[PDB]
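**Student:** partial complex follows, first chain(s) only, in situ:
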Amino acid sequence: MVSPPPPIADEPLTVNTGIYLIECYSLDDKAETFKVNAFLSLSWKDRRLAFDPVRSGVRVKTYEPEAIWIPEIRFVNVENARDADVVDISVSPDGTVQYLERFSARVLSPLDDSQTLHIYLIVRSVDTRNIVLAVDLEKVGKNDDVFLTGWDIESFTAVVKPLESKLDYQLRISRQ
Amino acid sequence: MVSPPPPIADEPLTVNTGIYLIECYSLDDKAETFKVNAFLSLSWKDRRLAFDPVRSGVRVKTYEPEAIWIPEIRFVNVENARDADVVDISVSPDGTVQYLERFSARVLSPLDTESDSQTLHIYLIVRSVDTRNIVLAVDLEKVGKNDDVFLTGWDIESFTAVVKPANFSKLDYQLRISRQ
């Protein structure tokens, strides 16, 4: 159950991701790095977890991370692997897994009108599947308009950059 | 016994929470974050634990956190998962569990900009389970603070809690403060 979901004809293993920023803080003295507190959502299909909600009498199943396969996401430009706590893993009748964690990380994206800081994400490859990262924009957001002391957030989006991918989450900021 | 309690009917599982602040301290140089030392109370009903106080020969039963289901609470805007020590888990004859922990956390709630007052926040959520709908409530008798001083330079005007929805439900503990 903890190997990758077996191929489905006609679709890759797409993993949809979103980051919702809760707080950015603690820009260091050189403005090279800063901490981020956020939620990371991931979503993908695992047909082995599909169920009939009519006969089963349920509409959503909850799992513990140890009981199922979960893509391994790596933030590229962070000081250390992020510090994460799983909040929710829930599966729909068709086998869509919705995974939610709260994380903390020190993002390495130096500050140089406005500019663009980056959080880059990749996923670890597996041999039975091609895992592809995508962005679900409904799950991408921010708690407010202030980056941290001195700087506003103009926008926060994500871009699929150069089967595989890397995600480039873009935080556009400007001086107050 | 470490799965969620089953319902009496189709009532959701209400978890009553309270935070009693012991100390706030160590505001950082940017006034973005500060430490909190406090008690967190949780209360909920687990009918499987119900007992007759006269057949059992005790009026309250004490449990160890591994021996019973306990809602998993996550503070949202903290640097790391809080550092907690369980103080007391005790169960009433009707199955009401009262849980008390003492915890420590660095709250991420930046101080402001023209006004002398402000509201800081501690947000709580609870992990979902599939056999019940879990609902956070506030028990105001278990909400308080040791004193009127937030930390050096700032008074506490009030400490209360409110329910708000998820930004995509949650408790918003509001600490209203003002310059001394």
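**Tutor:** It's in. Numbering: from 1, shown residues only, chains lettered A, B, ... in the order given.

**Student:** so how far is residue A:109 from residue A:170?
**Tutor:** Applying CB to CB, to the nearest Å, the value for residue A:170 to residue A:109 is 10 Å. For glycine as for every other residue, the C-beta is placed from the backbone atoms N, C-alpha and C.

**Student:** and the nearest residue to residue A:95 once chain neighbours are set aside, how many residues sit next to it?
**Tutor:** Nearest non-adjacent residue to residue A:95, counting by CB to CB, 6 or more residues apart in numbering or on different chains: residue A:50, 3.7 Å away. Using other CB atoms under 10 Å in any protein chain shown, residue A:50 is surrounded by 13 other residues.

**Student:** ok but residue A:24 is inside a strand, no?
**Tutor:** Yes: secondary structure of residue A:24 (DSSP: H, G, I helix; E, B strand; the rest coil): part of a strand.

**Student:** might one say that it is in contact with residue A:34?
**Tutor:** Yes: the criterion here is CB atoms under 8 Å, and residue A:24 meets it with residue A:34 at 5.8 Å.

**Student:** those two: who's more crowded?
**Tutor:** residue A:24 (26 against 22).

**Student:** and chain A, which of its residues are near chain B?
**Tutor:** A:20, A:22-23, A:25-27, A:35, A:37, A:58, A:60-62, A:83, A:85, A:87-88, A:90, A:102, A:104, A:139, A:141, A:143, A:148-149 (CB under 8 Å from any CB of the partner chain).

**Student:** can you classify the residue of chain A most remote from its centre by secondary structure?
**Tutor:** Distance from the C-alpha centroid of chain A, by CA atoms, centre = their mean, peaks at residue A:55 (33.0 Å). Assigned by three-state DSSP, the conformation of residue A:55 is helix.

**Student:** identify the residues contacting it.
**Tutor:** If you count contacts by CB atoms under 8 Å, 6 or more residues apart in numbering or on different chains, residue A:55 has none.

**Student:** and it, how close does it get to residue A:1?
**Tutor:** Distance from residue A:55 to residue A:1, counting by CB to CB: 21 Å.

**Student:** and if you look at residue A:107?
**Tutor:** Taking CB to CB as the measure, residue A:107 falls 33 Å from residue A:1.

**Student:** who has more neighbours out of these two?
**Tutor:** Between residue A:107 and residue A:1, counted using other CB under 10 Å, residue A:107 has the larger neighbour count: 22 against 11.

**Student:** next up, chain C:
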Amino acid sequence: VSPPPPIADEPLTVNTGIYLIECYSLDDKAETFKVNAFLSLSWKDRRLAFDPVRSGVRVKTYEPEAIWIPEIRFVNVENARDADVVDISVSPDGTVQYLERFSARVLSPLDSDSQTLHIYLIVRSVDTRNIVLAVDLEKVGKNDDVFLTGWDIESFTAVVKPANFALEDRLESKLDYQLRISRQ
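**Tutor:** Below, chain C sits with the chains from the block before:
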């Protein structure tokens, strides 16, 4: 390693004392400071009583894992205290004397040439006994008269059944150790 049963109907009284070795490292905001001390606990466990005459010993030594020991939590500390057991020794009547050396960062802000800092202690509840914290003033003391740089200690005492009581379930029991200090 369950709690001792009663020698009748009596609550389980746990006498405590704190002997301060050193306070130091007041932080820049004078909010917190480190304390190095001994903590003494004493309580009766009849299951450990013994006849010293027949056994030929007047004290038995135990290892913390081998016996029940009350779980004390300091309330206003940054992290659970860092403790090393020094001595657990049992008298013929079952009186256990427990000694630990501990370290902790106490959260008790300095405000006003005269003030009272606090170390609050509670004990975890058990269901077979009512546990009650008491103070043994013979085991309460301090190495000297200096709190830390800049401040004298006027007195160190403890206050039993304090009315500070926050919550009626951490009302297993609470002690308020009071350090009264003044500017040098």
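
**Student:** and the gap between the residue farthest from the centre of chain A and chain B?
**Tutor:** According to CB to the nearest CB, to the nearest Å, residue A:55 and chain B sit 16 Å apart.

**Student:** for residue A:128, same thing?
**Tutor:** Counting by CB to the nearest CB, the gap from residue A:128 to chain B is 28 Å.

**Student:** residue A:110 too?
**Tutor:** Distance, residue A:110 to chain B, using CB to the nearest CB: 18 Å.

**Student:** what's near enough to touch that residue?
**Tutor:** Taking CB under 8 Å, 6+ apart as the test, what residue A:110 contacts is A:30-33.

**Student:** over to it: give its phi and psi.
**Tutor:** phi -60, psi 140 (degrees, to the nearest 10).

**Student:** what residues of stretch A:107-126 count as buried?
**Tutor:** A:107-109, A:111, A:117-123 (16 or more other CB atoms under 10 Å in any protein chain shown).

**Student:** residue A:107 is in contact with residue A:78, correct?
**Tutor:** Yes: with contact defined as CB under 8 Å, residue A:78 and residue A:107 form a contacting pair (5.7 Å).

**Student:** shared neighbours of the two, anything?
**Tutor:** residue A:119.

**Student:** pick out the most distant pair among the buried residues of stretch A:107-126.
**Tutor:** A:111 and A:123 (27.7 Å; CB to CB).

**Student:** could you tell me how many residues sit around the residue nearest to residue A:2 when sequence neighbours are not counted?
**Tutor:** The spatially closest residue to residue A:2, leaving aside those adjacent along the chain, is residue A:69, at 5.3 Å (CB to CB, 6+ apart). By other CB under 10 Å, the residues close to residue A:69 number 19.

**Student:** quick check, residue A:69 in contact with residue A:13.
**Tutor:** No: with contact defined as CB under 8 Å, residue A:69 does not reach residue A:13; the gap is 9.9 Å.

**Student:** got any residues that touch both of these two?
**Tutor:** Common neighbours of residue A:69 and residue A:13, using CB under 8 Å, 6+ apart, are A:4-5.

**Student:** would you check that residue A:128 makes contact with residue A:3?
**Tutor:** Yes: if you go by CB under 8 Å, residue A:128 and residue A:3 touch, sitting 6.9 Å apart.

**Student:** any idea how far chain C is from residue A:109?
**Tutor:** 30 Å.

**Student:** include chain D too:
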Amino acid sequence: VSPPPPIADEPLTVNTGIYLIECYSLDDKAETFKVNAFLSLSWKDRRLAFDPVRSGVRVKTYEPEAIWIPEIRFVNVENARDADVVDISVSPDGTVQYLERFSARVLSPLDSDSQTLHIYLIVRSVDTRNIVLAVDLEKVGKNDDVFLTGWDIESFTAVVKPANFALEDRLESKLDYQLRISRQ
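**Tutor:** If we add chain D to the chains shown above, we get the following:
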């Protein structure tokens, strides 16, 4: 998880590359700085060769525990680097491509408007093979032209069989990755 045997008499060549993601946190004495990068290693293990036509795959993925992997040690770092494996993937001919993301505090002091910082790599010896470090310049690069605040990167390359060689037994093999920088 022993070293691959020869496809004859050839040494075991391990091609390396470093792709710099970020350098940051130059210390107050400008003696040390943090580096966040990818490290690529590539080498042949015939025991992992496979027929892609019969098996229907063109790449196999492995977990670090399941295969032999050369043990690379950065010489002038404060502590062994902090690494997370990102990808291990094997081609039909047995070529293993290993990718890790790492962090390390590099000890390479800034002195003079122009200078060369170093990251030295060696590999641990094994007795069944002679291990030789090479540089794959296609896997050597940098995210941008700024070293860190105050300094540009002019170039990032590596130098093979360096004559820096300290000891003739850490002469399994040594690479000298050279970061040439200048004041902005």
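
**Student:** ok chain D is in now, so what about the contacts of residue A:110?
**Tutor:** Residues in contact with residue A:110 (CB under 8 Å, 6+ apart) are A:30-33, D:22, D:24, D:146, D:148-149.

**Student:** now swap in residue A:95 and tell me
**Tutor:** Residues counted as contacts of residue A:95 (CB under 8 Å, 6+ apart) are A:5, A:45-50.

**Student:** excluding its backbone neighbours, what's nearest the residue in chain A that chain D sits nearest to?
**Tutor:** For chain A, the residue closest to chain D is residue A:127, as judged by CB to the nearest CB, at 3.6 Å. Excluding the flanking residues, the one nearest residue A:127 by CB to CB, 6+ apart is residue D:61, at 3.6 Å.

**Student:** for that neighbour, name its beta-bridge partners.
**Tutor:** residue D:89 (DSSP bridges).

**Student:** from memory residue A:96 sits against residue A:45, does it?
**Tutor:** Yes: Residue A:96 is within contact range of residue A:45, at 5.7 Å (criterion: CB under 8 Å).

**Student:** which one of the two has more residues nearby?
**Tutor:** Higher neighbour count among residue A:96 and residue A:45: residue A:45, with 19 against 16, using other CB under 10 Å.

**Student:** just checking, that one touches residue A:97?
**Tutor:** Yes: look at residue A:45 against residue A:97 with CB under 8 Å: they come within range, at 7.4 Å.

**Student:** wait, what's in contact with residue A:171?
**Tutor:** Contacts for residue A:171 (CB under 8 Å, 6+ apart) come out as A:21, A:24, A:109, A:116-119, A:147, A:153, A:155-156.

**Student:** swap in residue A:139?
**Tutor:** Neighbouring residues of residue A:139 by CB under 8 Å, 6+ apart: A:16-20, A:41, A:43, B:168.

**Student:** just the buried residues of those.
**Tutor:** Taking 16+ other CB under 10 Å as the criterion, what is buried in those is A:16-20, A:41, A:43.

**Student:** quick one: stretch A:73-87 to chain centroid distance?
**Tutor:** 10 Å (CA atoms, centre = their mean, to the nearest Å).

**Student:** for stretch A:82-93, that is, sorry about that
**Tutor:** Between the centre of stretch A:82-93 and the centre of its chain there are 11 Å (CA atoms, centre = their mean).

**Student:** which residues touch that stretch?
**Tutor:** A:39-40, A:46, A:49-53, A:59-65, A:68, A:70, A:75, A:97-105, B:74, B:80-81, B:125, B:127-128, B:130.
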